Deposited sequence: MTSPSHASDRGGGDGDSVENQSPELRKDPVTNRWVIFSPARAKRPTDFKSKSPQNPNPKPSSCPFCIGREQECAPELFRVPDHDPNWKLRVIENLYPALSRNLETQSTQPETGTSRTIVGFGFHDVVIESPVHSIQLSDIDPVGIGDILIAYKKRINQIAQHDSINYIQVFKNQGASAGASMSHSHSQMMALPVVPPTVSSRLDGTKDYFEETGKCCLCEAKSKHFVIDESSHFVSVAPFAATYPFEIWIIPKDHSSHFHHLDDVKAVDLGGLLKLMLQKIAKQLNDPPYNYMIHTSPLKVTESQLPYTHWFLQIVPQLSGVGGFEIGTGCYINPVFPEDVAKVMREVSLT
């Protein structure tokens, strides 16, 4: 029983020593969805993925301006035409299509100086915030750098000021590797927030996600595919959340030395109570040292 901290989260966690618990997005019904922004391959009727708006967005793109009007970009990414295929089934090259696609929609938003941050994420399972079963992802442009980012800037910075090192750059000497690819390496966070949380960090110190290329998007695809697969099994196909962390669009040169984006997967294994809510502090019932082992063992025979 101890408290572990990390520059990235910039907060302490308590470790105290597990399993789970057609459609308007299908090809053809593509006329029931909100205005289309683009698809892949380019406007081809034999599509593999596409990004659409959001009928009832969390932030409106039609309001571009103690309070701030709810302007933002709330977009949806249909990962496939096939209703039976999930992100775990897609071929590594296909995930790459998704990752290169996120890059696309992200590169377009950057043109709007009003976008402070952009959160891209994946919800699989109703309880984990996913209505439809059809494979889909989302994007909510934000006119405000969020708390996890502000915390991360401060954390890694403080660390960098006192060590000159980029915490996520010495990943091999910080966390617990589950798998490793050409330009990426997944890990069990040394100070992970949730049970069986996994981070996939790029190997090159890059301060932003939309800097990756096709070759790397397919390589990161497989590592992400391998991690979701070992998760889906070893943990009895539990629901999970997927979100990408990266420096805001206005990130400063000075912040660049210690700013490095990463990918995080959180399988929904348990909820929270009054302790976590009131403090922001959380409890993890599964050490990362015991996640790394089990993870490097799970098979797919």
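- Several segments of the deposited sequence are absent from the coordinates, namely 1-22, 40-47, 52-61, 106-115.
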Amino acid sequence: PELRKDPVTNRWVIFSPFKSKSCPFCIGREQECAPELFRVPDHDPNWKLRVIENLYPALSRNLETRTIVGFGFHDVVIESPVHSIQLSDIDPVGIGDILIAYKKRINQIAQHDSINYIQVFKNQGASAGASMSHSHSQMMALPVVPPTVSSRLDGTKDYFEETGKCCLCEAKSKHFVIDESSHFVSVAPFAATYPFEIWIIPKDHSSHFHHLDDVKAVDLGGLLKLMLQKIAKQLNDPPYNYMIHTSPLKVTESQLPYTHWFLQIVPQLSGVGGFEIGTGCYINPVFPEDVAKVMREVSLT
From here on, numbers count along this sequence of modelled residues.
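- Comparing the deposited coordinates for 52-60 and 34-42, the stretch with the larger average C-alpha B-factor is 34-42.
- In this entry, 126-134 has the higher mean Cα B-factor, the comparison being between 126-134 and 111-119.
- Take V149, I200, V144, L87 and read off each C-alpha B-factor from the entry; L87 has the highest.
- Across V272, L256, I265, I27, the entry's maximum B-factor at the CA atom is seen for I27.
- Remark: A188 belongs to the lowest third of its chain, ranked by C-alpha B-factor as recorded.
- In the PDB entry, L153 places in the lowest third of its chain by CA B-factor.
- Split the chain's modelled residues into thirds by C-alpha temperature factor. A292 is in the highest one.
- Per the deposited record, the Cα B-factor of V286 falls in the middle third when ranked against the other modelled residues of its chain.
- In the deposited entry, the Cα temperature factor of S22 places it in the highest third of its chain's modelled residues.
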